[PDB]
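Accompanying notes for the structure given below.
Reminder, nothing fancy here: chain letters follow the sequence lines and each chain counts from 1.
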Amino acid sequence: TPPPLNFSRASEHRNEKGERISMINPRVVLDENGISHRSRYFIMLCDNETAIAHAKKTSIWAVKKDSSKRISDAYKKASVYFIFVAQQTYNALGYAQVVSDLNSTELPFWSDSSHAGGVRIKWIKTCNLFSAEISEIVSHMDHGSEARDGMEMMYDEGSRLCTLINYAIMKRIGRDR
RNA sequence: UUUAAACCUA
């Protein structure tokens, strides 16, 4: 059990060269946004149970136009993960790796004109999990304010969310299957 | 009926 994660001085975590490093694994070098060039994480906030259930069944997600370019750019450069969060309750729904690039023609039936295109995903965990620290992370993910759908999060936010999801599921808390 | 990845592994 490592001590609580805090971003008040997260920018102060530096290696000997002066590069920003992760607070969770100091070997991971970050840019000045706290993002790892190798592993990148975006939040998908969603209240549509039809969409979420379709996504967990068919391993497809519709990407918003307002975040599609940054996600498409990240996919060509890094491993890219979506962490799915219920928009009103902040329950974690799971997380998945993006495994194909944006595609304007391959959109799920539930997508609308706010979406740019479809991506295939590979679910890593699925859940329906309430965790107070997950909810706190999502609540502060936009410079201390609530997450915006599709935004990229810092490496330590993504990694801690994956850890928290894995831990609960292993404790048989918050499973969906 | 759910080994996160990566990094590091004497």
Side-chain angles (χ1 to χ4, degrees), chain A residues 2-7 10-15 17-46 49 51-61 63 67 70-86 89-102 119-138 140-141 147 150-177:
Chain A
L5 280 202
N6 195 282
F7 301 85
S11 58
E12 297 180 6
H13 280 65
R14 302 270 154 183
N15 65 11
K17 288 184 296 321
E19 312 176 286
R20 188 168 163 176
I21 47 180
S22 161
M23 304 185 301
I24 298 163
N25 175 352
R27 301 187 278 283
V28 177
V29 178
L30 313 168
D31 78 344
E32 302 291 325
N33 299 291
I35 294 170
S36 164
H37 71 300
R38 290 205 44 163
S39 314
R40 294 177 67 183
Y41 300 86
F42 300 76
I43 190 164
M44 300 293 139
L45 287 163
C46 188
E49 328 87 301
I52 289 141
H54 184 85
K56 297 175 159 187
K57 174 158 134 171
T58 70
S59 297
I60 298 159
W61 193 243
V63 179
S67 41
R70 183 182 190 88
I71 287 165
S72 184
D73 178 81
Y75 175 79
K76 309 193 210 332
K77 295 163 177 183
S79 297
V80 171
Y81 310 91
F82 291 176
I83 301 171
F84 295 87
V85 171
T89 68
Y90 282 173
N91 276 14
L93 304 173
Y95 64 101
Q97 179 162 6
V98 178
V99 301
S100 75
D101 206 340
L102 198 74
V119 298
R120 300 177 338 246
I121 64 184
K122 167 69 174 154
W123 287 98
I124 308 142
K125 310 280 182 197
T126 58
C127 55
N128 188 13
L129 168 62
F130 170 69
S131 150
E133 174 181 4
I134 289 178
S135 176
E136 182 178 309
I137 289 167
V138 173
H140 300 314
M141 183 175 285
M151 71 179 286
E152 183 162 13
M153 72 189 70
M154 305 189 269
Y155 176 79
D156 284 335
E157 290 167 315
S159 297
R160 179 71 182 161
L161 287 175
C162 292
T163 300
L164 289 168
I165 287 168
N166 287 1
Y167 189 75
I169 287 170
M170 178 262 309
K171 301 293 292 188
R172 315 272 299 298
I173 294 166
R175 291 186 160 211
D176 69 339
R177 51 188 163 89

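- You'll find the side chain of A/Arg27 stays beyond 4.5 Å of the side chain of A/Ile21, heavy atoms only.
- Salt-bridge annotation for A/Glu32 and A/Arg14: present, with a side-chain N of the basic residue lying under 4.0 Å from a carboxylate O of the acidic one.
- Under the ring pair (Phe, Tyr, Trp, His ring centres under 6.0 Å) criterion, A/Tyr81 pairs with A/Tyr41, not counting sequence neighbours.
- Summarising the geometry, the separation between CG on A/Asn128 and P on B/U1 is reported as 17 Å, rounded to the nearest angstrom.
- Between A/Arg20 and A/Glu12 no salt bridge is recorded (no basic side-chain N to carboxylate O distance below 4.0 Å).
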Can you build the contact string for nucleotides 3-10 of chain B? Use B for base contact, S for sugar-phosphate-only contact, and - for no protein heavy atom under 4.0 Å.
SBBBBS--

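- Between A/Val28 and A/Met23 there is no side-chain heavy-atom pair separated by less than 4.5 Å.
- For B/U2, the base has no donor-acceptor partner in the side chain of A/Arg175 [N/O atoms by modelled type, under 3.5 angstrom].
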